[PDB]
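Working notes, structure below.
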Amino acid sequence: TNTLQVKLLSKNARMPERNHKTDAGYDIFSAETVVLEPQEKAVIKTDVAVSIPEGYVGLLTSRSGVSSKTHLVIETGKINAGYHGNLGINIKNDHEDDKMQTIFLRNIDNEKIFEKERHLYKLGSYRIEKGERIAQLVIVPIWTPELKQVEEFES
Amino acid sequence: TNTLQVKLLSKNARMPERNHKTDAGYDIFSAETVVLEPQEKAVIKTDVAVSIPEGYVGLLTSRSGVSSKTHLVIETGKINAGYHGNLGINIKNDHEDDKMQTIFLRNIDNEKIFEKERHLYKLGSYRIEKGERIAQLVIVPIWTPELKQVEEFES
Amino acid sequence: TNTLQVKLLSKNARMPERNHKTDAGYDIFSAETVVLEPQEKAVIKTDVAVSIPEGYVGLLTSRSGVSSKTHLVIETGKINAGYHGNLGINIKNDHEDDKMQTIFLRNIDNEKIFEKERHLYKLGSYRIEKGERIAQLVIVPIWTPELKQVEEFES
Ligand SMILES: O=c1ccn([C@H]2C[C@H](O)[C@@H](COP(=O)(O)NP(=O)(O)OP(=O)(O)O)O2)c(=O)[nH]1
Ligand SMILES: O=c1ccn([C@H]2C[C@H](O)[C@@H](COP(=O)(O)NP(=O)(O)OP(=O)(O)O)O2)c(=O)[nH]1
Ligand SMILES: O=c1ccn([C@H]2C[C@H](O)[C@@H](COP(=O)(O)NP(=O)(O)OP(=O)(O)O)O2)c(=O)[nH]1
Ligand code: NI
Ligand code: NI
């Protein structure tokens, strides 16, 4: 009743966490490791499925720490009450494509990642790693009345 | 009561649709045909008016299919309970302006549109056509208490 | 009960305003004066703190007038029920960095600001001034049930 059904779709999926009763949302973890170049768009698999009951909508939205620090822009997803598919993260690396190149990409804390092997990445490239806090899920009640075409409003 | 008032403002306006009782929102259709160049901003007319009752807010928000596939970024609009004006779609083609040009623009499914007449468009240009599913409306309850200036919080 | 606690953190902070009972949100004012260059990111201090009660989330979101007219993109912040810190505005000037320069920057109405002293700014630069309407706060009820790992959903 006052419980939400969560299903893991793979071994790479992590269970959402609401560590504090103070918090409004549930920590969503990536089930993928991907490198996003400037201007590049992607849908990140969480390998998690939720069964939101009717009368509610789920908001798969961005964290403030990742969005303020990095150019990673997450378009909030509206999780329909009944959708049992894989929760994707609609993401875009909004860093501009200035043609410049660097020897290291940066994490979701905007910090430079030092590698043992030298590699040439385009400047402004980010990497998201398996099991990282990149999004959060917030469930909000909704009002869905029947629509009535009207020629001029009540008042 | 448990009905929402909808008004069409022209012949080009289409009635919002909630085809499934599973869905949280209402399909919003464009009343315009416009071509958006890279970095170009616009407010798309739906020619639709809604009368949301007090204690609720409307969220004129993006669809997941259009936002994940195209560079079309819709800034979610907060529809105030009482606003009876034309619902606009605050949109931006976030494709970068790389000065390059192509012989065809692309639709809201990111597919290339083949034309009988050759025309030169800038690379990353999109066209939205009259009567297309580009946005959705989600109504959510709101808490609007009176504000009290406080020197230090309750607890 | 049906009141919200608001705390000012400095002399530069302004009290949020819900001028109409028609409106869904509360007008949020900047406590800073900053110039944002193209592609530049910042967190704007409001010097305001709110004590949202449990069972609710706050949405520190963009105004339609500023977002449709300017390239100022505000990533909606989810204000947790219990957070008593400074409300920041997660902002980005999404104007592209075209290397061009102009003798005047522009305001949150996208109008050119004429100065007595000539200065060279990069094209697409915006200035936000102390005490300006740049954001709004909308509080929405939330459902936070306990999570139960499930192998296959109820129905
Ligand atoms: O724009 C913002 C966003 C967040 N905040 C505050 C409110 C919130 O309680 C706190 C945490 O931000 P979020 O709830 O949006 N994300 P999260 O709880 O995951 O924190 P973080 O992103 O830092 O891990 O920061 C702002 O003041 N302005
Ligand atoms: O980022 C997202 C967005 C949506 N989804 C899922 C949840 C939702 O039930 C389903 C449909 O997405 P939206 O409700 O956000 N838009 P719409 O119902 O119109 O579908 P589409 O945009 O594909 O027409 O896709 C994700 O998993 N991640
Ligand atoms: O995309 C939008 C955004 C807003 N609107 C309408 C609905 C709303 O009642 C009205 C005001 O917009 P917002 O509530 O989103 N922001 P605000 O009340 O502060 O007005 P403004 O931003 O113009 O000061 O404009 C649209 O039609 N489409
Ligand atoms: Ni939102
Ligand atoms: Ni951009």
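Each chain in the structure tokens gets a letter, A, B and so on, in the order shown; residues start at 1 in every chain, and ligands are counted from 1 in the order they appear.
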
Given 8 Å and only C-alpha atoms and all ligand atoms, residues near ligand 1 as a ChimeraX atom specification: /A:23-25,27,62-68,133,135-136 /C:43,60,75-91

For chain A, which residues have at least one atom within 6 Å of chain C, if we go by only C-alpha atoms? Write them as a list in words, please. residues 2, 3, 4, 5, 6, 7, 22, 23, 24, 68, 139 and 140 of chain A

Please produce a file of the residues just selected, as a PDB file, in the first residue's frame, where the atoms kept are N, CA and C atoms.
```pdb
ATOM      1  N   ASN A   2       1.542   1.399   1.114  1.00  0.00           N
ATOM      2  CA  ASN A   2       2.439   2.497   1.309  1.00  0.00           C
ATOM      3  C   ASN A   2       3.798   1.967   1.048  1.00  0.00           C
ATOM      4  N   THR A   3       3.853   1.058   0.103  1.00  0.00           N
ATOM      5  CA  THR A   3       5.116   0.513  -0.374  1.00  0.00           C
ATOM      6  C   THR A   3       5.185   0.612  -1.896  1.00  0.00           C
ATOM      7  N   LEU A   4       6.399   0.784  -2.415  1.00  0.00           N
ATOM      8  CA  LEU A   4       6.630   0.830  -3.856  1.00  0.00           C
ATOM      9  C   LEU A   4       7.384  -0.413  -4.319  1.00  0.00           C
ATOM     10  N   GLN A   5       6.937  -0.979  -5.437  1.00  0.00           N
ATOM     11  CA  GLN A   5       7.556  -2.170  -6.014  1.00  0.00           C
ATOM     12  C   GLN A   5       8.741  -1.804  -6.906  1.00  0.00           C
ATOM     13  N   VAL A   6       9.891  -2.407  -6.617  1.00  0.00           N
ATOM     14  CA  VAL A   6      11.116  -2.168  -7.377  1.00  0.00           C
ATOM     15  C   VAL A   6      11.658  -3.498  -7.898  1.00  0.00           C
ATOM     16  N   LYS A   7      12.031  -3.524  -9.175  1.00  0.00           N
ATOM     17  CA  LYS A   7      12.571  -4.727  -9.803  1.00  0.00           C
ATOM     18  C   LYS A   7      13.937  -4.455 -10.432  1.00  0.00           C
ATOM     19  N   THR A  22      14.390  12.701   5.761  1.00  0.00           N
ATOM     20  CA  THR A  22      14.402  14.125   5.436  1.00  0.00           C
ATOM     21  C   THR A  22      14.306  14.327   3.921  1.00  0.00           C
ATOM     22  N   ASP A  23      14.929  13.416   3.169  1.00  0.00           N
ATOM     23  CA  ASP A  23      15.008  13.497   1.710  1.00  0.00           C
ATOM     24  C   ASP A  23      13.679  13.214   1.017  1.00  0.00           C
ATOM     25  N   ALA A  24      13.474  13.868  -0.124  1.00  0.00           N
ATOM     26  CA  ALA A  24      12.238  13.753  -0.894  1.00  0.00           C
ATOM     27  C   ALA A  24      12.294  12.650  -1.949  1.00  0.00           C
ATOM     28  N   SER A  68      25.159  21.185 -11.187  1.00  0.00           N
ATOM     29  CA  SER A  68      25.800  22.476 -10.946  1.00  0.00           C
ATOM     30  C   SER A  68      27.296  22.441 -11.248  1.00  0.00           C
ATOM     31  N   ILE A 139       8.339  10.916  -6.540  1.00  0.00           N
ATOM     32  CA  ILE A 139       6.956  10.577  -6.892  1.00  0.00           C
ATOM     33  C   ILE A 139       5.986  11.625  -6.350  1.00  0.00           C
ATOM     34  N   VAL A 140       5.138  12.143  -7.235  1.00  0.00           N
ATOM     35  CA  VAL A 140       4.225  13.242  -6.926  1.00  0.00           C
ATOM     36  C   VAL A 140       2.801  12.864  -7.353  1.00  0.00           C
TER      37      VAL A 140
END
```

Between atom CA of residue 108 of chain A and atom 25 (O, counted along the ligand's line) of ligand 2, what is the spacing in Å? 24.1 Å

Using DSSP assignments from the backbone, pull out every residue in chain B that falls under strand (DSSP E) and give it to me as a VMD selection string. chain B and resid 3 to 8 26 to 29 34 to 36 41 to 45 48 to 51 56 to 62 72 to 74 77 to 79 88 to 93 101 to 102 121 to 122 126 to 128 133 to 141 146 to 149

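Nearest residue to ligand 5, choosing from A:16, A:33, A:95, A:72 and counting only C-alpha atoms and all ligand atoms: A:95.
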
List the neighbours of residue 123 of chain C out to 6 Å using only C-alpha atoms; skip same-chain residues closer than 5 positions along the sequence, and give me the result as a PDB file with C-alpha atoms, in the first residue's frame.
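Below you can see selection.pdb, which holds the result:
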```
ATOM      1  CA  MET C 100      32.558  37.804 -30.955  1.00  0.00           C
ATOM      2  CA  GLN C 101      32.487  40.863 -28.675  1.00  0.00           C
ATOM      3  CA  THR C 102      30.025  43.705 -28.005  1.00  0.00           C
TER       4      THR C 102
END
```

Could you please determine the separation between atom 1 (Ni, counted along the ligand's line) of ligand 5 and atom CA of residue 119 of chain C in Å, to one decimal place?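 Interatomic distance, atom 1 (Ni, counted along the ligand's line) of ligand 5 to atom CA of residue 119 of chain C: 26.0 Å.
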
Please measure the separation of atom CA of residue 104 of chain B and atom CA of residue 116 of chain B, giving the value in Å to one decimal.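 These two atoms are separated by 10.6 Å.
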
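Comparing C:129, C:138, C:11, C:34 by their smallest distance to ligand 4, the closest is C:138 (using only C-alpha atoms and all ligand atoms).
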
Could you find all residues in chain C that DSSP calls alpha helix (DSSP H) from the backbone, and write them as number ranges by chain? C: 64-69
